[PDB]
Amino acid sequence: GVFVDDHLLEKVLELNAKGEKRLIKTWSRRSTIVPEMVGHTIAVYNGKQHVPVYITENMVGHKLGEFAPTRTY
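Okay, structure coming up:
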């Protein structure tokens with residue numbers, strides 16, 4: 008169904024090897040989070056913007072609405 012940016016993994020799996028807690032940028036379209044993002048702020052490309060969502064062990068599963076479920080107000 009949904010796709011998980013493989014370009015974020017190429018950088019997040021590297022952060023899971025040493026323990027780096029940085030952010031991974033993405034530029035696909037329907038980019039979704041993964042289990043390897045439980046300690047990274049990956050700016051998933053929602054189609055037009057890279058939302059650096061710091062995923063924990065219970066935020067992944069969507070794409071960015073689980074880390075940014077807030078409106079302008």
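Position in the sequence shown counted from 1, then plus 7, gives you the deposited numbering.
Even for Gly, the Cβ is constructed at its ideal location relative to N, Cα and C.
Residue i versus residue j - alpha carbon distance
| i | j | result |
| --- | --- | --- |
| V19 | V45 | 10 angstroms |
| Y80 | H47 | 26 angstroms |
| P59 | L71 | 8 angstroms |
| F10 | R29 | 22 angstroms |
Rounded Cβ spacing between residue i and residue j (contact assumed at less than 8 angstroms)
| i | j | result |
| --- | --- | --- |
| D12 | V51 | 6 angstroms |
| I49 | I40 | 7 angstroms |
Coil, strand or helix - residue i by DSSP
| i | result |
| --- | --- |
| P59 | strand |
Min CB distance residue i to chain D below 9 angstroms
| i | result |
| --- | --- |
| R37 | Protein chains in the displayed structure number just one, and chain D is not present. |
Neighbour-count burial assignment, residue i, 16 or more Cβ in a 10 Å radius
| i | result |
| --- | --- |
| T63 | exposed |
| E43 | buried |
| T77 | exposed |
Identity of the residue in the options nearest residue i by Cα
| i | options | result |
| --- | --- | --- |
| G8 | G68, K55, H57 | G68 |
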